[PDB]
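Reviewing the structure listed below.
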Amino acid sequence: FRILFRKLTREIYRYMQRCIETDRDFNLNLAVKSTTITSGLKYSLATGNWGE
Amino acid sequence: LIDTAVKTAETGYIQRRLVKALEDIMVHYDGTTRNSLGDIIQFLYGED
Amino acid sequence: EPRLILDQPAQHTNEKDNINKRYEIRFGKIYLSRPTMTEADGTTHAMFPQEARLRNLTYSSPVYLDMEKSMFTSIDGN
Amino acid sequence: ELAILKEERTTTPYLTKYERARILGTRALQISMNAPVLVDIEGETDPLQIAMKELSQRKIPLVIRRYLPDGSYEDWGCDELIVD
RNA sequence: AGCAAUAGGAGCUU
DNA sequence: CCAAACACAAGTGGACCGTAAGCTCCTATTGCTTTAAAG
DNA sequence: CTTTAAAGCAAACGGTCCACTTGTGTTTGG
């Protein structure tokens, strides 16, 4: 979870670099790609390979 | 159990290397023991 | 790692006017709900291990993270 | 050139196990390919057993060419090698 | 008259 | 016969390659995401 | 305004072999 959530926060940074340039208010519900934690946990628990 | 499980790999490796070292050695019709290069290993097989 | 920080102080082809601009988000509580199932219709309902086993689903709970974005600008969320 | 005259043949006068096995296999294949049979066929129908009967009666028409390690060879008809 | 590959894991007999 | 500088001899550190045989099953994955173009 | 296709992009211990270092010897030339 630490690995995948640092992935997610890097995604949040990589989105806030672009979107803030537009100078708009954003609701953060398009800023989090929820599929990252889900896909990572599911991949590790379904394959056993513990890591990215 | 560990010994039985672990020594068999060394033994199989040793036997494979011995087979590859000795695989080309045959007794010929003149009695000599030669390899594939024709080189003599023993002038008479088993010395008898 | 509870904070992200963007920054830009100055010199972006302006009229020498400089402002320190920090964009920041604060993660809040985690909310843990019972496992739920969402259909292709969009309807939802409670999910039990036998249904997850029969329909080849994953038996998981939704995790929510409160975020409160703040900004400070000095000239020198559900 | 590489053949050896029948007088200075210095190999064993005895059919070896490998020569016997291959000769029997080849004769069995030959008879199974509707080759003529030299022995009198009484009871047996298996080509290998017919080949064994022919081998025992020295009536198998084959030749073993025994290669020496230097490339030369000796020729022995099966009927003149001694079978145990 | 035509039934994928690559990996990982658990096992069988020495 | 003796001084010397460079012709000529090893000792030494740290690179690669390989590790029994055969067999069974199940399970998952087979590139993904973002940008640009066309209707 | 939406969909499809193509191109580009991340962060275990042993031993044979090779020549640089350390060392010894020559034999010109006075």
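In the structure tokens, the first chain shown is A, the next is B, and so on; residue numbers restart at 1 for each chain, and ligands run from 1 in the order shown.
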
Do a neighbour search on region 34-39 of chain B at 12 Å with only C-alpha atoms (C1' of nucleotides), toss out local chain neighbours closer than 3 positions, and write the hits as a CSV table (one decimal) with C-alpha atoms, in the first residue's frame.
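This is the output file part-v5.csv:
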```csv
chain,number,residue,atom,x,y,z
B,21,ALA,CA,34.5,-36.7,-20.5
B,22,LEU,CA,34.3,-40.4,-21.3
B,23,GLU,CA,31.4,-40.4,-23.9
B,24,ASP,CA,33.7,-40.7,-26.9
B,25,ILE,CA,35.9,-43.7,-25.8
B,26,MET,CA,35.5,-47.0,-27.5
B,27,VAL,CA,37.5,-50.3,-27.7
B,28,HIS,CA,38.6,-50.7,-31.3
B,29,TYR,CA,39.1,-53.8,-33.4
B,30,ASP,CA,42.8,-53.8,-32.9
B,31,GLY,CA,42.3,-54.0,-29.1
B,42,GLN,CA,45.1,-47.7,-23.4
B,43,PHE,CA,47.0,-50.0,-25.7
B,44,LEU,CA,44.9,-52.9,-24.5
B,45,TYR,CA,41.5,-52.6,-22.8
D,68,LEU,CA,40.0,-49.6,-38.1
D,69,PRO,CA,40.7,-46.3,-36.3
D,70,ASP,CA,43.0,-45.2,-39.2
D,71,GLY,CA,40.2,-45.5,-41.7
```

Residues of chain E that have any atom at most 12 Å from an atom of chain A: could you tabulate them with the shortest-distance atom pair and the distance in Å to one decimal, using only C-alpha atoms (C1' of nucleotides), ordered by chain and increasing number, as a tab-separated table?
```
residue	atom	partner	partner_atom	distance
E:7	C1'	A:47	CA	10.5
E:8	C1'	A:47	CA	7.5
E:9	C1'	A:48	CA	8.4
```

Just to be explicit: take each residue in the selection above, keep N, CA, C and O atoms (P, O5', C5', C4', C3', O3' and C1' of nucleotides), and write the result as a PDB file, in the first residue's frame.
```pdb
ATOM      1  P     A E   7       9.811 -18.568 -19.883  1.00  0.00           P
ATOM      2  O5'   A E   7       9.579 -17.581 -18.658  1.00  0.00           O
ATOM      3  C5'   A E   7       9.297 -18.085 -17.365  1.00  0.00           C
ATOM      4  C4'   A E   7       8.374 -17.184 -16.587  1.00  0.00           C
ATOM      5  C3'   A E   7       8.024 -17.682 -15.199  1.00  0.00           C
ATOM      6  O3'   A E   7       9.037 -17.401 -14.254  1.00  0.00           O
ATOM      7  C1'   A E   7       6.053 -16.998 -16.291  1.00  0.00           C
ATOM      8  P     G E   8       9.638 -18.585 -13.357  1.00  0.00           P
ATOM      9  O5'   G E   8       8.919 -18.430 -11.949  1.00  0.00           O
ATOM     10  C5'   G E   8       8.683 -17.155 -11.375  1.00  0.00           C
ATOM     11  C4'   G E   8       7.339 -17.113 -10.695  1.00  0.00           C
ATOM     12  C3'   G E   8       7.061 -18.255  -9.733  1.00  0.00           C
ATOM     13  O3'   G E   8       7.647 -18.073  -8.463  1.00  0.00           O
ATOM     14  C1'   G E   8       5.196 -17.963 -11.140  1.00  0.00           C
ATOM     15  P     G E   9       8.225 -19.345  -7.675  1.00  0.00           P
ATOM     16  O5'   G E   9       6.936 -20.029  -7.049  1.00  0.00           O
ATOM     17  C5'   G E   9       6.110 -19.332  -6.138  1.00  0.00           C
ATOM     18  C4'   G E   9       4.786 -20.028  -5.970  1.00  0.00           C
ATOM     19  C3'   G E   9       4.869 -21.479  -5.545  1.00  0.00           C
ATOM     20  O3'   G E   9       5.104 -21.635  -4.159  1.00  0.00           O
ATOM     21  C1'   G E   9       3.381 -21.298  -7.350  1.00  0.00           C
TER      22        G E   9
END
```

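Excluding residue 16 (chain A) itself and same-chain residues fewer than 5 positions from it, the residues having an atom within 10 Å of it are residues 10, 11, 21, 26, 28 and 31 of chain A; 4, 5, 6, 23 and 24 of chain C, counting only C-alpha atoms (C1' of nucleotides).
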
Just to confirm, what's the straight-line distance from CA of residue 56 (chain D) to CA of residue 7 (chain D) in Å (one decimal)?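 Distance between the two atoms: 25.3 Å.
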
Using only C-alpha atoms, select each residue of chain C with any atom at most 10 Å away from an atom of chain A, and give the selection as a list in words. residues 1, 2, 3, 4, 5, 6, 7, 23, 24, 25, 58, 60, 62, 63, 64, 67, 68, 69, 77 and 78 of chain C

Two-atom distance - CA of residue 34 (chain C), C1' of residue 27 (chain F) (Å):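 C1' of residue 27 (chain F) lies 28.1 Å from CA of residue 34 (chain C).
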
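Inside region 5-40 of chain B, the residues DSSP reads as strand (DSSP E or B) when given the backbone are residues 26, 27, 33, 34 and 40 of chain B.
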
The selected residues should be written to file as a PDB file, in the first residue's frame (atoms: N, CA, C and O atoms).
```pdb
ATOM      1  N   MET B  26      35.986 -45.748 -26.979  1.00  0.00           N
ATOM      2  CA  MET B  26      35.520 -47.032 -27.468  1.00  0.00           C
ATOM      3  C   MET B  26      36.711 -47.964 -27.647  1.00  0.00           C
ATOM      4  O   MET B  26      37.816 -47.528 -27.970  1.00  0.00           O
ATOM      5  N   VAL B  27      36.479 -49.252 -27.421  1.00  0.00           N
ATOM      6  CA  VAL B  27      37.469 -50.278 -27.732  1.00  0.00           C
ATOM      7  C   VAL B  27      37.407 -50.575 -29.219  1.00  0.00           C
ATOM      8  O   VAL B  27      36.334 -50.868 -29.760  1.00  0.00           O
ATOM      9  N   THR B  33      42.252 -48.793 -26.966  1.00  0.00           N
ATOM     10  CA  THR B  33      41.167 -47.982 -26.429  1.00  0.00           C
ATOM     11  C   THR B  33      41.420 -46.543 -26.851  1.00  0.00           C
ATOM     12  O   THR B  33      42.305 -45.877 -26.306  1.00  0.00           O
ATOM     13  N   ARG B  34      40.635 -46.056 -27.811  1.00  0.00           N
ATOM     14  CA  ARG B  34      40.868 -44.748 -28.398  1.00  0.00           C
ATOM     15  C   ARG B  34      39.624 -43.880 -28.295  1.00  0.00           C
ATOM     16  O   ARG B  34      38.498 -44.373 -28.196  1.00  0.00           O
ATOM     17  N   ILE B  40      45.291 -42.784 -28.484  1.00  0.00           N
ATOM     18  CA  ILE B  40      45.287 -43.984 -27.656  1.00  0.00           C
ATOM     19  C   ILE B  40      45.140 -43.582 -26.197  1.00  0.00           C
ATOM     20  O   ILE B  40      45.866 -42.716 -25.699  1.00  0.00           O
TER      21      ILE B  40
END
```

According to DSSP computed on the backbone, where in chain B is there helix (DSSP H, G or I)? Give the residues as a count of residues only. 24

Quick one: distance from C1' of residue 11 (chain G) to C1' of residue 30 (chain F) in Å, one decimal? 24.0 Å

Near chain E, which residues of chain B fall within 10 Å when you count only C-alpha atoms (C1' of nucleotides), and what do they look like as a list in words? residues 4, 5 and 8 of chain B

Hey, what's within 12 Å of region 13-17 of chain C if we count only C-alpha atoms (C1' of nucleotides) and toss same-chain stuff fewer than 2 positions away? As a list in words, please?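 Within the cut-off, the hits are residues 9, 10, 11, 19, 20, 74, 75 and 76 of chain C.
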
Within 12 Å of region 43-46 of chain C, counting only C-alpha atoms (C1' of nucleotides), which residues show up once you throw out same-chain ones fewer than 6 positions away? Write them as a short mmCIF file (atom, residue, chain, number, x, y, z; two decimals) with N, CA and C atoms, in the first residue's frame, please.
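Ended up saving to result_27.cif:
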```cif
data_model
loop_
_atom_site.label_atom_id
_atom_site.label_comp_id
_atom_site.auth_asym_id
_atom_site.auth_seq_id
_atom_site.Cartn_x
_atom_site.Cartn_y
_atom_site.Cartn_z
N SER C 33 -15.95 1.30 4.63
CA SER C 33 -17.33 0.87 4.52
C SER C 33 -17.39 -0.63 4.27
N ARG C 34 -18.58 -1.19 4.42
CA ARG C 34 -18.74 -2.61 4.16
C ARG C 34 -18.54 -2.87 2.67
N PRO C 35 -18.13 -4.08 2.31
CA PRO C 35 -17.97 -4.40 0.89
C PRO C 35 -19.28 -4.21 0.15
N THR C 36 -19.21 -3.52 -0.98
CA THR C 36 -20.37 -3.25 -1.81
C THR C 36 -20.11 -3.72 -3.23
N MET C 37 -21.19 -3.92 -3.97
CA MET C 37 -21.13 -4.33 -5.37
C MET C 37 -21.84 -3.30 -6.24
N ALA C 52 -19.35 -12.98 -4.40
CA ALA C 52 -18.04 -12.70 -4.98
C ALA C 52 -17.37 -13.96 -5.49
N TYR C 59 -13.54 -9.28 -3.45
CA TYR C 59 -14.32 -8.97 -2.26
C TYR C 59 -13.59 -7.86 -1.51
N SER C 60 -13.97 -6.62 -1.81
CA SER C 60 -13.24 -5.46 -1.35
C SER C 60 -14.19 -4.36 -0.92
N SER C 61 -13.69 -3.47 -0.04
CA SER C 61 -14.32 -2.31 0.56
C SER C 61 -13.82 -1.03 -0.07
#
```
